[PDB]
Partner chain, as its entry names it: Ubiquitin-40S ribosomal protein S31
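In structure tokens, the next block holds one chain alone, the form deposited without its partner chain.
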């Protein structure tokens, strides 16, 4: 079974970004590493700008992406694009036909690529509405992967400041 591990900052950025974009869909890239055939670590993400074309391969601004990736390298983040995320405000986590086409473009660049989908409207305490997909290699076109969260001890202590009195 395949698992996408999502880091603390990755998750918070994707929820934050999705909520900021409402009522529009948003998208960004996921950074991390392919650990083995069944494991993807997503250690970070970054947002792509809203485009007129809506969320599709056309929405990927190669100039923006190259500048952002180069500037991230300069400050210690030089992880592989391991996939992309997009929001579905109010209508749940799945891939539309256009989403499948986007994901096919990501897969042609790197067959291990993952599509994460988050719903910022239906996400509430304590229900994050999120899923991760790859396309299949009558049959369905895509399938869901397990999601889990990786946090360090240092990160755990840091997060506990939010309701520190508890």
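Residues that one form lacks are left out of the comparison. Positions refer to the first chain, counted from 1. Only the largest set of C-alpha atoms that superpose within 1.5 Å between the two forms is called the rigid core.
Across the other entries compared, at least a third leave residue 54 without coordinates even though the residues on each side are present. In at least a third of the other compared PDB entries of this protein that cover both flanking sides, residue 139 is left without coordinates. In terms of unmodelled positions of the deposited sequence, the chain runs continuously from residue 36 to residue 37 in this entry. 52-60 and 104-112 differ in mean CA B-factor, and the higher of the two is recorded for 52-60. Averaged over CA atoms, B-factors in the entry run higher in 145-153 than in the other of 145-153 and 14-22. In this structure the maximum Cα B-factor among 42, 66, 117, 29 is found at 66.
Residue-level inspection of the entry shows that, of 138, 129, 47, 132, 138 has the top Cα B-factor.
Keep in mind that the form solved in complex with its partner chain is not shown, yet the notes after this line are about it.
Looking at residue 63, you'd find a heavy atom of it within 4.5 angstroms of its partner chain in the deposited complex. Proximity of residue 109 to its partner chain in the deposited complex: non-hydrogen atoms within 4.5 Å are present. Shown alone here, residue 99 lies within 4.5 Å of its partner chain in the deposited complex, counting heavy atoms only. Contact annotation for residue 135: none of its heavy atoms lies within 4.5 Å of its partner chain in the deposited complex. Residues 48, 55, 56, 57, 58, 59, 62 of 48-62 are found to place at least one heavy atom within 4.5 Å of its partner chain in the deposited complex.
With the two forms fitted on their core, the C-alpha shifts between this form and the one not shown stay under 2 Å for all of 44, 58, 33, 70 except 58. Inter-residue distance, residue 56 to residue 73 (Cα): increased by at least 3 Å in the deposited complex versus the depicted form. Relative to this form, residue 10 and residue 55 separate from one another in the deposited complex, with their C-alpha atoms ending up at least 3 Å farther apart. In a core-based superposition, a mobile segment is defined as at least three consecutive common residues whose CA atoms each shift by 2 Å or more; between this form and the one not shown, just one such segment exists, spanning 51-62.
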